[PDB]
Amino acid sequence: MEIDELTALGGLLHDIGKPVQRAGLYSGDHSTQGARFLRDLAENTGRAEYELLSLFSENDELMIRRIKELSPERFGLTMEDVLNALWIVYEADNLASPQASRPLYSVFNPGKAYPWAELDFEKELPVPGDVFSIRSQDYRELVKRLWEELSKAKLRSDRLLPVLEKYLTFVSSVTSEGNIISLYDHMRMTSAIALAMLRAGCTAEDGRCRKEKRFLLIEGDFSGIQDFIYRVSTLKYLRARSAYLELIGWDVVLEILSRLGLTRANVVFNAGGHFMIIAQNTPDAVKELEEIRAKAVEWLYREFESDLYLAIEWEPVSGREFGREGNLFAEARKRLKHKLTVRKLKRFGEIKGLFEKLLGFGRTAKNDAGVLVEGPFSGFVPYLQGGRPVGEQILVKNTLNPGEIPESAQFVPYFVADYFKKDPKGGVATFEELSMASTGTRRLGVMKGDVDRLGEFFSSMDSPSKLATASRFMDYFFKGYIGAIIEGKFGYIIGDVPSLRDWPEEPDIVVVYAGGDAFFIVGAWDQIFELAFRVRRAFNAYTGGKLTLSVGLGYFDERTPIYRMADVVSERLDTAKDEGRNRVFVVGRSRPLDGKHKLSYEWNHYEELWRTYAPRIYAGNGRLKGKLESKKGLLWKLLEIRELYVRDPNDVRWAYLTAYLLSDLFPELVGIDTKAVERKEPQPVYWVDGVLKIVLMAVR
């Protein structure tokens, strides 16, 4: 052991006594019961280092003696060193911040709470439900799985984080009412703040690390992502650019972790090309950050002209500013956000010459055999099933299980939403392959979705551990579960959505990107139209119905360029958010320009309109309701009649005409809705085109 690895693993196990107390195995208190777990685990398999980490769970009298009992030399540490580690880890627990069955209350809805289950994207969708008290029986089976995994784990933070995340993610850090924080997040945030204090140099303090600015909030946001990806000369390439921006991001984050001597625990989040790191406020750190920042920006300019920029800024911060005093953390994030907005308005100001089959990737040197693509710092060798992993760090895809890689490799698990319809060949489907598989008109569906007021949501979080949970769960819906929603899972939880066909077993969809709080997805226009509502329902369930999406849908000719498509759906998503939020841009629409008529629909408003009109004119699977075969012209005459309401909204001609046009079918349009006249809202006729034009597209 060294003092660095000890404090890291220390703060990461200060609260591994909470799962065993509630299991009720040892005599009593978690601080005591946590020591009797690690000391017990140390003896079995016979790994001495666990009995040194057991002290963290607990007038300095009995402690100095219990440390002296243990050999500090056997490992290669001082006694004075281990006292600092314990006092550092003790305070860290405070900075990251009752019954033995209370579950984890959802960050999204503190009123609702999570049923005990271990993190698995393949099975089930986390839905905050009723406050079901967790059995002491359940915590025992958990601790028995935790025991077995920790035994075979290689006692580095990179092999210990993956097991703590698997098991202790859906576990209340404290068992109070409306407790938001996951245990794993509180454990990884303490390991972060603790190691930050050690590197900061501060020692024997009990407020030189608390009231003194010895921490750095490092925040790095990519700018020009949209341009870098959706502005080229195919879908394969478009996918490759998204994957490459991921590896570039990891390369910069891992270099900051490497040179500051930190661990992945110090990464508060890395999602949507936006990363945050807690670190030390040493003259060494600020100097090393400037060198990393400078070289990263310079590489990005040589490689991609001015297309893709990386804005890296850091704010010095005290222990005070990690919590509440009358929200200092949010205000400290706000000062740093401001620093970023200015840096993004100084694109490449750090360059003066300006104004004159695989499982993952191995992070090796640039000059190395089999390097497929290069980052600003390192090269990336693909890691195949039958191959051997090559590099100091190994980025492994969609597993927390290290698998079969060397014991001397830094394990770095990365999740990427990468669902795709396979061709008649092993390769991914093209825009033509997807556009041809559509019910009716042969068009490519493009949908761009974004979570509403996420900036406000994250800004409400008091503590690092609150933000840690908020960010991880948020990112995990998109990276983890959008894969599942496309496959066809959560059918009960979603339910009846606007659809034009029976959901396929291998859907003609291709994820371009899904991560952070956003997605870009292409496929058969009708399958994309349905996925929009599936994703939104799953999202309403995944949150406590307390957060909303906005979506922009587009249906184009297969031969349309990516940049026009991306431009249209972006414009349509921007409208959806601007016309109030929690709404979808379903299709292009004619409207009066009197400022009373919106193009986007409220999700529930549209879902209600589909429920009402679709069954009366649509049989399903591309066919028109048997009663309308040869009476289709009626639907066009309705669109024709609606267009007269668009020309002048006040004139009633439409109400009387529609009447003679029909008779039973569409009783909603033959009248003059006076609630709409009162509330100064559009007449029902205005909204019909959202349903008809989709049906008319499906029946060609």
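Note that residue numbering begins at 1 and tracks the sequence as displayed.
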>> I want to verify a possible break: how many residues of the deposited sequence sit between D206 and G207 without any coordinates (none, 1 to 3, 4 to 9, 10 or more)?
In response: 1 to 3
>> Quick check on the record: how many residues from the deposited sequence are absent from the model between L662 and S663 (none, 1 to 3, 4 to 9, 10 or more)?
In response: 4 to 9
>> Please compare 262-270 with 71-79 and say which has the higher mean C-alpha temperature factor in the record.
In response: 71-79
> Which is higher in the entry, the mean Cα B factor of 35-43 or that of 635-643?
Replying inline: 35-43
> Looking at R388, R443, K346, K598, which has the biggest Cα B factor in the entry?
Replying inline: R388
> If you check the C-alpha B-factor for each of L354, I225, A576, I521 in the entry, which is highest?
Replying inline: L354
> When the modelled residues of the chain are sorted by Cα temperature factor, does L692 land in the lowest, middle or highest third?
Replying inline: lowest
>> When the deposited Cα B-factors of this chain's modelled residues are ordered and cut into thirds, is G10 in the lowest, the middle or the highest one?
In response: middle
>> Can you tell me whether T341 has a C-alpha B-factor in the lowest, middle or highest third compared with the other modelled residues of the same chain?
In response: lowest
>> Ranking the modelled residues of this chain by C-alpha B-factor as given in the entry, is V685 in the lowest, middle or highest third?
In response: lowest
> Going by what the PDB entry lists, where does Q527 fall on CA B-factor within its chain: lowest, middle or highest third?
Replying inline: lowest
